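Visitor: Next up is a structure, given as structure tokens.
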Amino acid sequence: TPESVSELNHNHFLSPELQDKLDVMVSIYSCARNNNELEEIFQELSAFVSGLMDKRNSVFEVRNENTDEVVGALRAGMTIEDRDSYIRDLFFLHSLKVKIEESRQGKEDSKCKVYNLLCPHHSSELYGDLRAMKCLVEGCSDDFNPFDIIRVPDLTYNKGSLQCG
Amino acid sequence: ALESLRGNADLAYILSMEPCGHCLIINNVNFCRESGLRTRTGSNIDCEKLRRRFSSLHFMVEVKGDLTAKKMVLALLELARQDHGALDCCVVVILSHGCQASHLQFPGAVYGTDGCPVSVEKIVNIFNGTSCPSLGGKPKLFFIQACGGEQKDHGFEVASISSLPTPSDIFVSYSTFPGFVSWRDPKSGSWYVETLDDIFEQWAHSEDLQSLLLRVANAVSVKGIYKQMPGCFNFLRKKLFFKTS
């Protein structure tokens, strides 16, 4: 319960700063045409994602890797506020990805560099979290769907017994 | 019947010379922080299993670890540049992460250490008759241990003048069906390679390459809660019986 959340609270929604940063990127992305115009937007997300990955490694800890008995946990001297501030930054990525998928309804195969940041590899840490976020926001997802509960920062994803590769 | 069909010009490849040929093994284990790809632990066990295995089959085996995407291409190009006149065969094993791709000929891609892909399409076309003329009418094998796509499979319930074309004699053995994940135990190693080496021990002397990978496909298909279906894109003209002393 301290390490992770099952369902999203009022603390997990976007702040006015993140909401303003989201709306500016969405407006700039759709109205832009050439790949040269998106270089300002690409450098934002790649800076944001690399900052988001550092925020995970400072906040969270994975004990007992490559086993059945894998457990997630918060780092020493790290509060519940530090978790929810990461999940806010994680929500930003999901909600930005949703609106980019709306802007790419026509040509759904452009090979965009900005979109490929929001589609990380299926072994990665961020894929585990974004797939976890998608289940809670968009309702279940129904990929396999057992009795087990979904963790909104999936710390144990691809780190035990069976792994991708 | 068994021994007679081996030594046949029409139905089987001739592997007379010692060694058979070169055997490149790209083994990408440790990937960069920027890509976010997890460290493929237990692939060094799979690497050394195959390294001993192809050495037992009379191949000049050469392992190259943690290659970037550009070094993978330079490593494959330099192999194709060799004089395979005296050589009868050629093998290229690749152990890495993978992904789904907008393919034209062959599905799948394989990542480098830098974390950008090299398509299987591109890897195979390096060894075609135009680019590598020394392997003309010679089997060119490829064993690609990597993920096909992001999708995890649960499966279903079951009750218990001489004419020879440029892309001839290609054989790309896939570890998982295109668009599905390849599974791996950190201690044991990959399901594909663990099952490949075990079957190559027991049935290399009697059975051909296609018959061997049928056992690998069967043995891997029964495994685990999550499922995996290995196969191969066969473009061979004859049966490939591996040589053992």
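Throughout, chain B uses Swiss-Prot numbering, with the displayed residues spanning 141-300, 332-416 in order.
Header says: X-ray crystallography, 3.5 Å.
Here the Cβ of each residue, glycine as well, is placed from N, Cα and C on the backbone.
If you look up Swiss-Prot, you'll see B:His237, B:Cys287 marked as active site, on the strength of similarity to another entry. Residues or ranges marked as phosphotyrosine by Swiss-Prot on the basis of experimental evidence: B:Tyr153. Annotated (Microbial infection) ADP-riboxanated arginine per Swiss-Prot: B:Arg355, in sequence order, evidence recorded as experimental evidence.
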Visitor: Given that 31 residues are missing from the model between B:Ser300 and B:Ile332, what is the Cα-Cα distance between those two, in Å?
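Guide: Distance between the Cα of B:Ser300 and the Cα of B:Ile332: 54 Å.
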Visitor: What whole-number Å value do you get for the CA-CA distance of B:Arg355 ((Microbial infection) ADP-riboxanated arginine) and B:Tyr153 (phosphotyrosine)?
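Guide: Given the Cα positions, B:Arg355 ((Microbial infection) ADP-riboxanated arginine) is 33 Å from B:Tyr153 (phosphotyrosine).
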Visitor: Check the DSSP secondary structure of B:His237 (active site), expressed as helix, strand or coil.
Guide: coil
Visitor: Give me the Cα-Cα distance between the residue listed as 'phosphotyrosine' and B:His237 (active site), rounded to a whole Å.
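Guide: Spelling it out, the Cα of the residue listed as 'phosphotyrosine' and the Cα of B:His237 (active site) are 32 Å apart.
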Visitor: State which of the following recorded positions has the fewest other Cβ atoms within 10 Å around its Cβ: B:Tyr153, B:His237, B:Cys287, B:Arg355.
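Guide: Sparsest of the recorded positions B:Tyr153, B:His237, B:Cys287, B:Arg355 by Cβ contacts within 10 Å: B:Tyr153.
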Visitor: How long is the line from the C-alpha of B:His237 (active site) to the C-alpha of B:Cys287 (active site), rounded to the nearest angstrom?
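Guide: About 6 Å separates the two Cα atoms.
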